[PDB]
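Novice: Chains from the complex, first installment, not repositioned:
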Amino acid sequence: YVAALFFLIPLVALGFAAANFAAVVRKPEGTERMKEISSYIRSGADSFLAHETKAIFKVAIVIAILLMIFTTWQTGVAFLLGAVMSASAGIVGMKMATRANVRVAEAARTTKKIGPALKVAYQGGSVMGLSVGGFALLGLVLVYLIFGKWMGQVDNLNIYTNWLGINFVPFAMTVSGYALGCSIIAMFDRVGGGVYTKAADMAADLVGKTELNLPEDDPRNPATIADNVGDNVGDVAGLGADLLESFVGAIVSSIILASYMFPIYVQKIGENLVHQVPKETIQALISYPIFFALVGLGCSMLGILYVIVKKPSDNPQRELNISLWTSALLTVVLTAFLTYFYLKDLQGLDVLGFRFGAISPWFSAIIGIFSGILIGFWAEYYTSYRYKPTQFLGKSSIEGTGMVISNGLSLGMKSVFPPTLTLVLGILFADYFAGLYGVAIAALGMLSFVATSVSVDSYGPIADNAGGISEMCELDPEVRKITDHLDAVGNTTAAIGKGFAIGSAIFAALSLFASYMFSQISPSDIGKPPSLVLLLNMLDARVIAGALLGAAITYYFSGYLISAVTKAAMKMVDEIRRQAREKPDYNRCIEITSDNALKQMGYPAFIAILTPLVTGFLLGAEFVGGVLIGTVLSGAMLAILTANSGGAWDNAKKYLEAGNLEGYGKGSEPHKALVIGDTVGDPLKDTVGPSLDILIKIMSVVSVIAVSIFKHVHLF
């Protein structure tokens, strides 16, 4: 009864998003110039969407066929299901943004008030947020119902052996497939799309300074529009897909841990083997993350509703944070009752790591929540010019360009410590409360209100497009200032959301490492003590070698992406010169850059997906565990570094735009130094960091799936 009521929440969120979509669609359109700019934007965005979707479908079909040949067929079906859910969320969000980009500015001009434009923008972003949440949890509920309970995969819970000889718990491999689908979608989006985005931005500045002499924010400059399209591609599709991958990864990790926890804690008392953790407890913990995520999504919808109906205010950041805090607190309170009432009558929780009984995992989840917000604040502390580091960078701008670059690198390097220490304490306490299951539950709670987080993240690029459109149409300077204010708010929210995404990616990747270690269980370890099975020895030279290899592969991944951005930008500059030699060609250059980025992403994608396969069939599962540990560590550090450095450089340029630095204004030599630094930092913050967030999770997912094969089938 109540269970089915919770299972309706996904369609509730889908209908909420659809209704908000329709409501905004009804909002007034802009002037003919506004409409022409929006039409260019929409054309480029939809074209990019279709272009990437083709390759996505191809790769998804190949991977689904492979997942059906090996493992089970339900694995590939759930893979395709998750792929479809994530692709649907992204497409819906991007179409909504391309339709509301001008409506925000129309509210700002017609009403001459911040309130209405803010509410329109928040509904626009809430479309993508509710889509990312709803499609994901809907597919996951379907998986737990169709392939889960109906087919008795939650009933068997034994080591199923397929025709090839690959061993696995059926539901574990199923949820692994559902996660890998979302991961393929997110990888394509973030990696390739981001290469495109930063190619567009860079080439925009370039053609601004090329022989064509067409500065950025120029309607004639095709990259001016392409960059807007890329901004939506990134902070609406990319960031949404990343948060979806982390969310689904946390849930799937919890489910996998419980599923494999059923065969692990067994005791060969005599000739027979008793399950110390009964089936009831295993099923309860397989379902608890799903119910927790549903309650979180409901609370997120409640917060979104309050903010969209709340009396208008003057601080937009305040309203967005109000949404965040309402969702967080409601999730905390309701999930407390969920935890205590759903796990009370279970047995074996002590053997599991639950230190305070049925309520132990909730203590974990709330921790993650706070961890999340804390990490967010850190991303704001090291990037905003309201605080000391960015102020110091902007001030040192007077001392040269090399000093700007060095101080930005120093800031990025030092910025990794506060959030990483936050992660350290969060992991320690979540473990203390409820073992690795609670580590996963802390990852989940951190993302328990993912809908509002994605909505606030997607609000940013909407305001960016709004300010760009307004400036290009030369509206009233008052309206331009309104858009500037909203743009600044969106920039702050984007920094906070990117930091939150990095933290969530680290948590999810660690949860997936734990799921890998748990999935290494074989039918021959039934009598062995649990300490013998759940083990990755760091003295084994294979593990150290794998760790070094994983770190190096992460760094090489980052470097290749850096080079790819510049190559795509140079090719787009050549295309723009050709267009000048022969209303410019918007979709033409956008499709050229999109195809080049999708062709370039092939090699980083092949790295991310095949590194565990190659290294595992070559040396085994300890080596792959080492690779995962090194990848997670180096990717966490590099992502934090690049994101914070790029944000600091950009916000220091903005600091100088206001002239705060010793009266210096636009055009001064320090401003040129900061601009050079910002051109350096753009690909780091918008291409490298998110792709590392994706890497550290997708490699773990592929390892979790394929270890069932190469654990015993390895050459050396």
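Specialist: The structure has been received and is ready for your questions. Numbering: from 1, shown residues only, chains lettered A, B, ... in the order given.
Novice: okay, stretch A:316-329 in PDB with CA atoms only?
Specialist: Extracted as PDB, the C-alpha positions of stretch A:316-329 are listed here (Å, rounded to 0.1, in the frame of the first residue of the first chain):
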ATOM      1  CA  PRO A 316      18.000  35.200  -5.600                       C
ATOM      2  CA  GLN A 317      20.900  33.200  -4.000                       C
ATOM      3  CA  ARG A 318      18.900  33.400  -0.800                       C
ATOM      4  CA  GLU A 319      15.800  31.800  -2.500                       C
ATOM      5  CA  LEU A 320      17.900  29.000  -4.100                       C
ATOM      6  CA  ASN A 321      19.600  28.300  -0.800                       C
ATOM      7  CA  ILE A 322      16.100  28.300   0.900                       C
ATOM      8  CA  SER A 323      15.100  25.600  -1.600                       C
ATOM      9  CA  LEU A 324      18.200  23.600  -0.800                       C
ATOM     10  CA  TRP A 325      17.800  23.800   3.000                       C
ATOM     11  CA  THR A 326      14.100  23.000   2.900                       C
ATOM     12  CA  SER A 327      14.800  19.900   0.900                       C
ATOM     13  CA  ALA A 328      17.700  18.900   3.100                       C
ATOM     14  CA  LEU A 329      15.800  19.300   6.400                       C
END
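Novice: any chance you could map the strands in the stretch 151-300 of chain A?
Specialist: Assigned by DSSP state E, counting those that start in this stretch, the stretch 151-300 of chain A shows strands spanning A:160-161, A:167-168, A:266-267, A:274-275.
Novice: so what strands line up beside the third one?
Specialist: Spelled out, that is strand A:266-267. Strand A:266-267 has the following strand partners under DSSP bridges: strand A:274-275 (antiparallel).
Novice: measure residue A:406 to residue A:678 for me?
Specialist: 15 Å (Cβ to Cβ, to the nearest Å). Every C-beta, even on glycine, is put in place using the N, C-alpha and C of the backbone.
Novice: of those two, who's got more company?
Specialist: Using other Cβ atoms under 10 Å as the criterion, residue A:406 and residue A:678 rank with residue A:678 on top: 22 against 13.
Novice: And for the more buried one, nearest residue in space, chain neighbours not counted?
Specialist: In this structure, residue A:678 finds its nearest non-sequential neighbour in residue A:649, 4.7 Å apart by Cβ to Cβ, 6 or more residues apart in numbering.
Novice: With residue A:671 instead?
Specialist: Residue A:671 sits nearest to residue A:656 (Cβ to Cβ, 6+ apart), 5.2 Å away.
Novice: Remind me which helix or strand the one you found belongs to.
Specialist: Here residue A:656, judged by DSSP states H and E, is contained in helix A:621-657.
Novice: here's chain B, drop it onto the model above:
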Amino acid sequence: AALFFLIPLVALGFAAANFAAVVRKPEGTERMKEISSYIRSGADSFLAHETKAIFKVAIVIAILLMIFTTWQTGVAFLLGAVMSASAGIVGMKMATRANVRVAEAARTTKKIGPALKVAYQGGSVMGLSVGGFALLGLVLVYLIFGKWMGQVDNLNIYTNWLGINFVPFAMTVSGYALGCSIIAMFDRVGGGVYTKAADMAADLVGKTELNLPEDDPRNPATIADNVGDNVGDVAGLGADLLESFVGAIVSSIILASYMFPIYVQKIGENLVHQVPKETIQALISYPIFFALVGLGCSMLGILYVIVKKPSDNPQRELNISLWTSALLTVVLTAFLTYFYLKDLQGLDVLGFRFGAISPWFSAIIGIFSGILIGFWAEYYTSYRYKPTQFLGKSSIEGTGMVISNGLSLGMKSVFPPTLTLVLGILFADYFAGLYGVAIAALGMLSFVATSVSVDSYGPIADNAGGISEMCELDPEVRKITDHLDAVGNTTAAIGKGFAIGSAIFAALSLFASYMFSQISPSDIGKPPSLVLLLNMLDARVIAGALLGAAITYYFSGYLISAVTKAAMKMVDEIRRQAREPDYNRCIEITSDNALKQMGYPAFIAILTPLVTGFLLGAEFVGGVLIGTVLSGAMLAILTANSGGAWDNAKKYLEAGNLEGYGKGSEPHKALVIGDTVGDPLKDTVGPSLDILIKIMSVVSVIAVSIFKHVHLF
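Specialist: If we add chain B to the chains shown above, we get the following:
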């Protein structure tokens, strides 16, 4: 046998004789003498300042190390400190004395040969000092505290008055290693802060109203930077290679010592040692003899090169020295390994897969591993190859393009040498377990004397060319010195890469030694697989890994900021002096500021294991060590390769290879910006990480005996 124990002081006397020989070489013109006198003054002043601070810290640490643990540990700590400081001081004095003699040979003879011989002998002083002093201290420890006091005879878990348990000889060699590490940390961290502050401030004053050319004797930072070159590529790199050398040897010794209490079997009421005392002592002594043979072969190669008929190709001569030393070590250590371990029993329980010859197969691997790693450092930094060419050519696309391509180059460059390290570790393990991993580190550093000599050759020739041009010598002679300088540049890139690789190997060996030192007297009956274990599913280990990585990155950033601050302070001091040249004044101001800055990175590196272990335990410290090593290796390789690539791309455009642009052109301006960014990265961050990844491991190895059972949570 005794001859092997004599080899260290043989190398010391070889270095003294080379010192005397070069000192007798002609000085030169009065201007040469004045500039060189400024150099010598600054060098001795910096040496004295750092030596004073070193003495203070060393006395404190020795008292602390004697109060806890044992007294011999602190005694060996001071011994190693003294050995490394002696090596550094001797090498720096020799280099500052031979800098002008090289140019005098080049001018009087108008030939490359004699100047090259003078410079190489000067560097061989520092190399032979590092080798002789290190192996001398180790022989003294193995003889006095080793056999005489019977510390190699008991080989059982001694418990001190406080209750701290450990094998005595392991703790003693750990103390000696910590002493070498304190010296190397002071050298690298503080000296490098000073060097890059000086190099930056020289460029800075270049653009003031004072109109102080970067190569002008009036510019004090010119001289400070000339001195800093010796501070860095003679003292810093020498101390780093010495630390890695001693660390590999000590790791082998610790593993061997702790393998005796590990492989015991409670067959009945008694405990039988599956690995007998004879085998354990033989494996405790084998690394020492291996290193002695390596130092002997290094001396032979140095002698061959210094007596060889003079030639015109310097790079060929240096590579000849390296290869002769390598091959001689290979063959002689082959015979040593086969004859010294043949009649030992229980090698199979230790990991020796092919019997007595197993560790040699490991050692040679390290050797090869070494040279290969070197090549990679040259491939990604020299403009003779594709990456640096691409960077220099892309200079035309802007300054941001230069910076982005340099970062990309470093990031991608970290992969070939790390894969080399991966394969080397895998094969060394296949041959002889973690003991052979340590033996591979040793073989990689088996000819450390020759490596340090080639590394110290560079700065000697750099200062020599500076002296020549600054004194306006014959343009032909100046061009000759410039050529020698270029050879030194390539060798310096290769040596920095080799040092990073050796630091990684030594840090991994020290991690293995830490895990072995975690043994307690209560785990004597437990199977060996249960004790020698660091589970990565333990959340404390993962948390420690994240913490160590973050601490590494914060370390790097703090060093960058300290370099910039010290450079600005030196510029302020030079302005004050102009308003009211000051060579030793500004040099001492920068030295004191760098020594004040080093306090926080040193406190990080030394106190992180103590705090985290007394707080959370030994698994957390193992995690911290793993994360520190993994992140430091990557960051060191990245920063070093990026700085080298930027510098050689600037050289590419200055060399006009990219036709259409000369000095002053916009692409050259971009390359100069890139080089100013890369200087602190390659000359301060990378080496300091090399030190960090080892010294944190050593402090952990020592203090785990306390905080393994004394931790709050």
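Novice: re earlier: any part of the helix holding residue A:656 near chain B?
Specialist: Yes - if you take Cβ under 8 Å from any Cβ of the partner chain as the test, helix A:621-657 does meet chain B, through A:625, A:629, A:630, A:633, A:634, A:636, A:637, A:641.
Novice: and what of stretch A:259-266?
Specialist: No - Stretch A:259-266 is not in contact with chain B by Cβ under 8 Å from any Cβ; minimum separation 11.9 Å.
Novice: so what's the residue nearest in space to the middle of chain A up against?
Specialist: Centroid-nearest residue in chain A: residue A:242, 1.8 Å away (criterion: Cα atoms, centre = their mean). In this structure, residue A:242 makes contact with A:186, A:190, A:501, A:505, A:690, A:693, A:694, judged by Cβ atoms under 8 Å, 6 or more residues apart in numbering or on different chains.
Novice: Could you save these as CSV and add columns showing neighbour count and secondary structure?
Specialist: CSV is the format used below for those (neighbours: other Cβ atoms under 10 Å in any protein chain shown; DSSP: H, G, I helix; E, B strand; the rest coil):
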residue, neighbour count, secondary structure
A:186, 30, helix
A:190, 31, helix
A:501, 31, helix
A:505, 28, helix
A:690, 30, helix
A:693, 31, helix
A:694, 30, helix
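Novice: Next, format those as CSV and append distance to chain B.
Specialist: Shown next, in CSV, are these (distance: Cβ to the nearest Cβ, whole Å):
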residue, distance to chain B
A:186, 22
A:190, 18
A:501, 17
A:505, 13
A:690, 16
A:693, 15
A:694, 17
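Novice: In contact with the residue in the stretch 51-200 of chain A positioned nearest to chain B, which residues?
Specialist: Nearest to chain B, among the residues of the stretch 51-200 of chain A, is residue A:198, at 10.4 Å (Cβ to the nearest Cβ). Applying Cβ under 8 Å, 6+ apart to residue A:198 gives the contacts A:230, A:565, A:569, A:682, A:683, A:686, A:687.
Novice: The helix or strand where the third one lies vs chain B: in contact?
Specialist: Element membership for residue A:569, per DSSP H and E: helix A:541-581. Yes - Helix A:541-581 lies within reach of chain B by Cβ under 8 Å from any Cβ, at A:541-549, A:551-553, A:555-556, A:558-560, A:562-563, A:565-566.
Novice: tell me the angle that helix makes with helix B:539-579.
Specialist: Angle of helix A:541-581 versus helix B:539-579, following axes from the mean of the first three to the mean of the last three Cα atoms, to 10 degrees, is 60 degrees.
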